[PDB]
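Heads up, upload-v9.tsv below (TSV, C-alpha atoms and all ligand atoms):
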chain	number	residue	atom	x	y	z
A	17	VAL	CA	-15.75	-31.67	3.14
A	18	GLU	CA	-15.88	-32.95	-0.48
A	19	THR	CA	-13.00	-35.11	-1.77
A	20	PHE	CA	-12.30	-35.33	-5.52
A	21	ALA	CA	-9.85	-37.24	-7.64
A	22	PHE	CA	-7.57	-35.29	-9.95
A	23	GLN	CA	-7.98	-36.19	-13.61
A	24	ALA	CA	-5.26	-38.76	-14.49
A	25	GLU	CA	-3.32	-36.20	-16.60
A	26	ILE	CA	-3.15	-33.70	-13.68
A	27	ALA	CA	-2.11	-36.46	-11.20
A	28	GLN	CA	0.68	-37.31	-13.77
A	29	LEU	CA	1.72	-33.60	-13.95
A	30	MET	CA	1.89	-33.40	-10.15
A	31	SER	CA	3.95	-36.60	-9.78
A	32	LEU	CA	6.38	-35.37	-12.50
A	33	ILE	CA	6.85	-32.09	-10.62
A	34	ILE	CA	7.36	-33.87	-7.30
A	35	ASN	CA	9.59	-36.72	-8.57
A	36	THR	CA	11.78	-35.15	-11.28
A	37	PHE	CA	15.26	-34.06	-10.20
A	38	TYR	CA	15.24	-30.31	-11.03
A	39	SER	CA	17.22	-27.77	-9.01
A	40	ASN	CA	15.68	-24.49	-10.30
A	41	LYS	CA	12.72	-24.63	-7.88
A	42	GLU	CA	12.55	-20.83	-7.36
A	43	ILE	CA	10.39	-20.38	-10.50
A	44	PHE	CA	7.29	-21.49	-8.47
A	45	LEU	CA	7.07	-17.91	-7.08
A	46	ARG	CA	7.19	-16.30	-10.51
A	47	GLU	CA	4.40	-18.66	-11.65
A	48	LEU	CA	2.11	-17.91	-8.69
A	49	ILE	CA	2.70	-14.15	-8.94
A	50	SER	CA	1.89	-14.36	-12.71
A	51	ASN	CA	-1.37	-16.18	-11.85
A	52	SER	CA	-2.23	-13.47	-9.29
A	53	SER	CA	-1.41	-10.71	-11.87
A	54	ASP	CA	-3.74	-12.41	-14.44
A	55	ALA	CA	-6.57	-12.56	-11.85
A	56	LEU	CA	-6.07	-8.87	-10.98
A	57	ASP	CA	-6.22	-7.98	-14.73
A	58	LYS	CA	-9.60	-9.82	-14.93
A	59	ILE	CA	-11.25	-7.85	-12.11
A	60	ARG	CA	-9.74	-4.58	-13.38
A	61	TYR	CA	-11.20	-5.30	-16.86
A	62	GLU	CA	-14.69	-6.05	-15.44
A	63	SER	CA	-14.52	-2.84	-13.33
A	64	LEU	CA	-14.01	-0.68	-16.50
A	65	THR	CA	-17.69	-1.21	-17.42
A	66	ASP	CA	-19.14	-2.05	-13.94
A	67	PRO	CA	-17.43	-0.08	-11.08
A	68	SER	CA	-19.56	-2.00	-8.50
A	69	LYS	CA	-17.34	-5.09	-9.22
A	70	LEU	CA	-14.87	-3.38	-6.83
A	71	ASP	CA	-17.39	-2.99	-3.93
A	72	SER	CA	-15.64	-6.09	-2.44
A	73	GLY	CA	-12.31	-4.19	-2.42
A	74	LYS	CA	-10.83	-1.39	-4.53
A	75	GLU	CA	-7.12	-2.10	-3.97
A	76	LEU	CA	-5.48	-4.35	-6.58
A	77	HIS	CA	-2.34	-5.88	-5.05
A	78	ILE	CA	-0.21	-8.93	-4.24
A	79	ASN	CA	1.16	-9.70	-0.74
A	80	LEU	CA	3.90	-12.26	0.04
A	81	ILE	CA	3.66	-13.46	3.64
A	82	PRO	CA	6.34	-15.77	5.06
A	83	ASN	CA	5.66	-17.46	8.45
A	84	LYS	CA	8.64	-19.38	9.90
A	85	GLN	CA	6.58	-20.75	12.87
A	86	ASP	CA	3.94	-22.43	10.58
A	87	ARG	CA	6.58	-23.05	7.79
A	88	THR	CA	4.27	-21.38	5.26
A	89	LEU	CA	4.68	-18.92	2.40
A	90	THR	CA	1.35	-17.31	1.49
A	91	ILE	CA	0.68	-15.43	-1.76
A	92	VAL	CA	-2.41	-13.18	-1.47
A	93	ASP	CA	-4.06	-11.31	-4.30
A	94	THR	CA	-7.20	-9.17	-4.57
A	95	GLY	CA	-7.95	-10.49	-8.08
A	96	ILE	CA	-11.25	-11.81	-9.48
A	97	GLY	CA	-11.18	-14.97	-7.32
A	98	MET	CA	-12.50	-18.38	-8.25
A	99	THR	CA	-15.97	-19.88	-7.98
A	100	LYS	CA	-16.45	-23.42	-6.53
A	101	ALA	CA	-16.73	-24.65	-10.17
A	102	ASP	CA	-13.41	-22.93	-11.09
A	103	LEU	CA	-11.67	-24.61	-8.12
A	104	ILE	CA	-12.92	-28.10	-9.10
A	105	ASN	CA	-12.05	-27.43	-12.76
A	106	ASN	CA	-8.28	-27.37	-12.02
A	107	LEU	CA	-8.23	-23.89	-10.48
A	108	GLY	CA	-9.69	-22.20	-13.57
A	109	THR	CA	-7.20	-23.72	-16.03
A	110	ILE	CA	-7.44	-25.92	-19.13
A	111	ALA	CA	-5.08	-28.27	-17.33
A	112	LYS	CA	-5.79	-31.45	-19.33
A	113	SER	CA	-4.71	-29.92	-22.68
A	114	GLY	CA	-2.00	-27.78	-20.99
A	115	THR	CA	-0.45	-30.89	-19.39
A	116	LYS	CA	-0.54	-32.69	-22.79
A	117	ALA	CA	1.39	-29.85	-24.47
A	118	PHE	CA	3.84	-29.51	-21.53
A	119	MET	CA	4.67	-33.30	-21.59
A	120	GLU	CA	5.39	-33.17	-25.33
A	121	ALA	CA	7.62	-30.11	-24.79
A	122	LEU	CA	9.59	-31.88	-21.97
A	123	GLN	CA	10.11	-35.01	-24.15
A	124	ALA	CA	11.45	-32.71	-26.96
A	125	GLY	CA	13.96	-30.89	-24.67
A	126	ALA	CA	12.06	-28.23	-22.67
A	127	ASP	CA	12.51	-27.96	-18.89
A	128	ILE	CA	10.15	-27.51	-15.90
A	129	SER	CA	10.76	-23.70	-15.82
A	130	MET	CA	8.66	-23.41	-19.00
A	131	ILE	CA	5.49	-24.69	-17.22
A	132	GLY	CA	3.78	-21.26	-17.34
A	133	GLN	CA	3.84	-21.32	-21.18
A	134	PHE	CA	1.38	-24.26	-20.94
A	135	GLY	CA	-1.11	-22.55	-18.53
A	136	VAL	CA	-0.47	-24.97	-15.63
A	137	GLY	CA	2.02	-22.84	-13.61
A	138	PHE	CA	-0.03	-23.24	-10.39
A	139	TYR	CA	1.19	-26.87	-10.05
A	140	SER	CA	4.81	-25.64	-9.82
A	141	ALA	CA	3.81	-24.91	-6.14
A	142	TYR	CA	4.61	-28.66	-5.63
A	143	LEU	CA	8.31	-28.00	-6.32
A	144	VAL	CA	8.49	-26.50	-2.79
A	145	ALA	CA	5.26	-27.40	-0.95
A	146	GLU	CA	4.21	-30.70	0.64
A	147	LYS	CA	0.63	-29.30	0.84
A	148	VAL	CA	-1.08	-26.32	-0.78
A	149	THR	CA	-4.26	-24.66	0.58
A	150	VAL	CA	-6.13	-22.20	-1.68
A	151	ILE	CA	-8.70	-19.85	-0.09
A	152	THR	CA	-10.73	-17.92	-2.65
A	153	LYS	CA	-13.69	-15.57	-2.94
A	154	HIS	CA	-15.34	-14.49	-6.23
A	155	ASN	CA	-18.05	-11.76	-6.31
A	156	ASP	CA	-20.58	-14.38	-7.62
A	157	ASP	CA	-19.94	-17.12	-5.02
A	158	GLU	CA	-19.14	-17.96	-1.35
A	159	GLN	CA	-15.61	-18.26	0.15
A	160	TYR	CA	-14.08	-21.72	-0.42
A	161	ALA	CA	-10.97	-23.62	0.67
A	162	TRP	CA	-9.30	-26.05	-1.79
A	163	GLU	CA	-6.48	-28.25	-0.47
A	164	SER	CA	-4.17	-31.01	-1.71
A	165	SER	CA	-1.06	-32.88	-0.55
A	166	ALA	CA	-1.01	-34.44	-4.10
A	167	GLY	CA	-1.46	-38.25	-3.85
A	168	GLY	CA	-4.23	-38.04	-6.47
A	169	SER	CA	-6.90	-36.15	-4.54
A	170	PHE	CA	-8.00	-32.70	-3.43
A	171	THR	CA	-10.68	-31.41	-1.06
A	172	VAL	CA	-13.10	-28.49	-1.32
A	173	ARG	CA	-15.07	-27.00	1.58
A	174	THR	CA	-16.93	-23.75	2.37
A	175	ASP	CA	-14.41	-21.65	4.32
A	176	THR	CA	-15.62	-20.30	7.69
A	177	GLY	CA	-12.15	-18.74	8.18
A	178	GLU	CA	-11.02	-15.10	7.99
A	179	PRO	CA	-13.23	-13.40	5.29
A	180	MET	CA	-11.24	-12.15	2.29
A	181	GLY	CA	-13.60	-9.75	0.52
A	182	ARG	CA	-12.43	-10.86	-2.93
A	183	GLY	CA	-9.41	-12.65	-4.33
A	184	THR	CA	-7.21	-15.69	-3.75
A	185	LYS	CA	-4.77	-16.77	-1.02
A	186	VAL	CA	-2.32	-19.60	-1.91
A	187	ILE	CA	-0.81	-21.09	1.28
A	188	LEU	CA	2.32	-23.13	0.62
A	189	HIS	CA	3.10	-25.58	3.46
A	190	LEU	CA	6.80	-25.90	2.62
A	191	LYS	CA	8.83	-29.10	2.46
A	192	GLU	CA	11.38	-29.35	5.36
A	193	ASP	CA	14.39	-28.69	3.04
A	194	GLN	CA	12.76	-25.73	1.26
A	195	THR	CA	12.72	-23.15	4.13
A	196	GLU	CA	15.01	-20.78	2.18
A	197	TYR	CA	11.75	-19.44	0.59
A	198	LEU	CA	10.80	-17.96	4.02
A	199	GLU	CA	13.96	-15.81	4.12
A	200	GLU	CA	13.42	-12.10	3.29
A	201	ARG	CA	16.62	-11.81	1.22
A	202	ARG	CA	15.79	-14.94	-0.83
A	203	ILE	CA	12.20	-13.85	-1.60
A	204	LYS	CA	13.35	-10.27	-2.48
A	205	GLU	CA	15.98	-11.76	-4.84
A	206	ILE	CA	13.42	-13.98	-6.64
A	207	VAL	CA	10.85	-11.16	-7.05
A	208	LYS	CA	13.56	-8.84	-8.43
A	209	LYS	CA	14.86	-11.55	-10.84
A	210	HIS	CA	11.56	-12.88	-12.25
A	211	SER	CA	8.68	-10.47	-11.41
A	212	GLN	CA	10.19	-7.04	-12.15
A	213	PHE	CA	7.42	-6.13	-14.69
A	214	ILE	CA	4.29	-7.14	-12.75
A	215	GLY	CA	1.86	-4.19	-12.89
A	216	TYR	CA	0.60	-4.40	-9.29
A	217	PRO	CA	2.34	-3.62	-5.96
A	218	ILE	CA	4.06	-6.71	-4.49
A	219	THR	CA	4.53	-6.27	-0.76
A	220	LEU	CA	6.92	-8.63	0.98
A	221	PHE	CA	5.81	-8.83	4.63
A	222	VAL	CA	8.42	-9.13	7.39
A	223	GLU	CA	8.24	-11.20	10.61
B	301	LIG	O1	-10.73	-17.90	-13.44
B	301	LIG	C1	-9.77	-17.72	-12.50
B	301	LIG	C2	-8.66	-18.58	-12.47
B	301	LIG	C3	-7.67	-18.38	-11.53
B	301	LIG	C4	-7.80	-17.38	-10.55
B	301	LIG	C5	-6.71	-17.12	-9.56
B	301	LIG	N1	-6.62	-16.02	-8.85
B	301	LIG	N2	-5.38	-15.93	-8.18
B	301	LIG	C6	-4.72	-17.11	-8.39
B	301	LIG	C7	-3.48	-17.60	-7.93
B	301	LIG	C8	-3.05	-18.84	-8.36
B	301	LIG	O2	-1.84	-19.26	-7.93
B	301	LIG	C9	-3.84	-19.66	-9.18
B	301	LIG	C10	-5.04	-19.18	-9.68
B	301	LIG	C11	-5.50	-17.90	-9.28
B	301	LIG	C12	-8.90	-16.50	-10.60
B	301	LIG	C13	-9.88	-16.69	-11.57
Spit out the file's structure as structure tokens when you get a sec.
Amino acid sequence: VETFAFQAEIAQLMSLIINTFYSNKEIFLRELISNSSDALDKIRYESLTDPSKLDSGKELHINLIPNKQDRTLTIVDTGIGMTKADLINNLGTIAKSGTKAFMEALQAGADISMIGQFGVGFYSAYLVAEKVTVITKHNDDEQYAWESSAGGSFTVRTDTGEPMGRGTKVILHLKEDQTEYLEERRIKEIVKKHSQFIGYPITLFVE
């Protein structure tokens, strides 16, 4: 298991998300679904010129899996996936410059719901999760598990867990007071409100 420190700017972004009083937490799901849609667009684009890019899975979709026993909400996509280098480099984002722009926007009057406009929407997971685990598999690399409970560090390890073929699985270990995001009616409402124009099938699993 390798343990890394977040860059100071990303640790600052995470503590702002965790510590700021902000009631509109539901936007985390829109942000993660948007990230999954972007990853699916990437593998679809590569497949237009190289059909073998889909040998690791032809179906392009997003699954939402609530688990009340484990208190987890998992977002699975069959997108391009991330390499080990992408995971270490802030989950394939330009998070240092994105955080800079987002901070300036907040100081000027913007609110946390605009996070996605700054390319750091993944971190909105911390509005509802005490810990986030990311399992990913890119065609050019092995399957890895990234994990962080914030606190300034994250871990990366080769995942010997259930093989995914290709794509990313974001496992949200929800905060005790955020279990409404495991309720079918609540998830359905959020997807309908914020993710109505996502161009891939979103399947909400039942328990
Ligand atoms: O370069 C890449 C960057 C990101 C990803 C990616 N795939 N699905 C996700 C879900 C997320 O919540 C966050 C990031 C991703 C894939 C490739």
Counting only C-alpha atoms and all ligand atoms, what are the residues, protein, DNA or RNA alike, that approach ligand LIG 301 (chain B) to within 8 Å? I want them as a PyMOL selection string. chain A and resi 47-56+58+91-99+102+107-109+137-138+152+154+183-186
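Shortest atom-to-atom contact with residue 80 (chain A) among A:45, A:213, A:146, A:59: A:45, counting all atoms listed in the file.
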For residue 207 (chain A), which residue among A:141, A:219, A:175, A:71 is the nearest when counting only C-alpha atoms?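 Ranking A:141, A:219, A:175, A:71 by distance to residue 207 (chain A), first place goes to A:219.
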Within 10 Å of region 159-165 of chain A, which residues of region 18-41 of chain A come that close, and what is the closest atom pair and distance in Å for each? Count all atoms listed in the file and give it as JSON lines.
{"residue": "A:18", "atom": "CA", "partner": "A:162", "partner_atom": "CA", "distance": 9.6}
{"residue": "A:19", "atom": "CA", "partner": "A:163", "partner_atom": "CA", "distance": 9.6}
{"residue": "A:20", "atom": "CA", "partner": "A:164", "partner_atom": "CA", "distance": 10.0}
{"residue": "A:22", "atom": "CA", "partner": "A:164", "partner_atom": "CA", "distance": 9.9}
Atom-to-atom span, CA of residue 189 (chain A) and CA of residue 44 (chain A), Å: 13.3 Å
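Using all atoms listed in the file, the residues found no farther than 7 Å from region 26-38 of chain A, other than those of its own chain fewer than 4 positions away, are residues 22, 111, 112, 115, 139, 140, 142, 143, 166 and 168 of chain A.
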Which residue, A:182, A:153, A:209, A:116, has the smallest gap to residue 76 (chain A) when you use all atoms listed in the file?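 That would be A:182, the residue with the smallest distance to residue 76 (chain A).
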Please indicate the distance in Å from CA of residue 101 (chain A) to CA of residue 172 (chain A), rounded to one decimal place.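 Separation between CA of residue 101 (chain A) and CA of residue 172 (chain A): 10.3 Å.
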Kindly output region 198-218 of chain A as a short mmCIF file (atom, residue, chain, number, x, y, z; two decimals), in the frame of the given file, after building N, CA, C and O atoms.
data_model
loop_
_atom_site.label_atom_id
_atom_site.label_comp_id
_atom_site.auth_asym_id
_atom_site.auth_seq_id
_atom_site.Cartn_x
_atom_site.Cartn_y
_atom_site.Cartn_z
N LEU A 198 11.38 -18.76 2.94
CA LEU A 198 10.80 -17.96 4.02
C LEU A 198 11.74 -16.82 4.40
O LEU A 198 11.41 -15.98 5.24
N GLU A 199 12.95 -16.82 3.82
CA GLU A 199 13.96 -15.81 4.12
C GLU A 199 13.74 -14.54 3.29
O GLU A 199 13.59 -14.62 2.06
N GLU A 200 13.67 -13.38 3.98
CA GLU A 200 13.42 -12.10 3.29
C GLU A 200 14.36 -11.87 2.10
O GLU A 200 13.90 -11.52 1.00
N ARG A 201 15.67 -12.07 2.30
CA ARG A 201 16.62 -11.81 1.22
C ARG A 201 16.40 -12.70 0.00
O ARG A 201 16.58 -12.24 -1.14
N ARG A 202 16.01 -13.97 0.24
CA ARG A 202 15.79 -14.94 -0.83
C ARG A 202 14.53 -14.56 -1.62
O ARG A 202 14.55 -14.53 -2.85
N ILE A 203 13.43 -14.25 -0.91
CA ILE A 203 12.20 -13.85 -1.60
C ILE A 203 12.42 -12.57 -2.42
O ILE A 203 12.02 -12.52 -3.59
N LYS A 204 13.04 -11.55 -1.81
CA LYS A 204 13.35 -10.27 -2.48
C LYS A 204 14.13 -10.54 -3.76
O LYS A 204 13.85 -9.94 -4.80
N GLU A 205 15.15 -11.43 -3.69
CA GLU A 205 15.98 -11.76 -4.84
C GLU A 205 15.14 -12.36 -5.96
O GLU A 205 15.30 -11.96 -7.12
N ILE A 206 14.25 -13.31 -5.63
CA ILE A 206 13.42 -13.98 -6.64
C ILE A 206 12.43 -12.99 -7.29
O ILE A 206 12.22 -13.04 -8.49
N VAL A 207 11.79 -12.13 -6.48
CA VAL A 207 10.85 -11.16 -7.05
C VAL A 207 11.57 -10.21 -8.00
O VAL A 207 11.08 -9.93 -9.08
N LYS A 208 12.76 -9.75 -7.60
CA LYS A 208 13.56 -8.84 -8.43
C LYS A 208 13.99 -9.51 -9.74
O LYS A 208 13.93 -8.88 -10.79
N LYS A 209 14.39 -10.80 -9.67
CA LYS A 209 14.86 -11.55 -10.84
C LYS A 209 13.76 -11.88 -11.86
O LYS A 209 13.98 -11.75 -13.07
N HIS A 210 12.59 -12.35 -11.38
CA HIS A 210 11.56 -12.88 -12.25
C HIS A 210 10.25 -12.11 -12.37
O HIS A 210 9.46 -12.45 -13.26
N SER A 211 9.98 -11.16 -11.45
CA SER A 211 8.68 -10.47 -11.41
C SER A 211 8.82 -8.95 -11.44
O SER A 211 7.92 -8.23 -10.99
N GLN A 212 9.90 -8.46 -12.07
CA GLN A 212 10.19 -7.04 -12.15
C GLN A 212 9.14 -6.20 -12.91
O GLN A 212 8.98 -5.01 -12.61
N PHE A 213 8.42 -6.82 -13.87
CA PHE A 213 7.42 -6.13 -14.69
C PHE A 213 5.95 -6.47 -14.39
O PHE A 213 5.08 -6.35 -15.26
N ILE A 214 5.67 -6.90 -13.16
CA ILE A 214 4.29 -7.14 -12.75
C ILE A 214 3.67 -5.78 -12.41
O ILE A 214 4.27 -5.00 -11.66
N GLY A 215 2.51 -5.50 -12.99
CA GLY A 215 1.86 -4.19 -12.89
C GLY A 215 1.01 -3.91 -11.66
O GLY A 215 0.11 -3.06 -11.71
N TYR A 216 1.32 -4.57 -10.55
CA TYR A 216 0.60 -4.40 -9.29
C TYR A 216 1.65 -4.37 -8.18
O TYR A 216 2.69 -5.04 -8.33
N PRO A 217 1.37 -3.65 -7.07
CA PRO A 217 2.34 -3.62 -5.96
C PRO A 217 2.47 -4.98 -5.31
O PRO A 217 1.46 -5.61 -4.98
N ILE A 218 3.73 -5.43 -5.15
CA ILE A 218 4.06 -6.71 -4.49
C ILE A 218 4.69 -6.31 -3.18
O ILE A 218 5.79 -5.72 -3.18
#
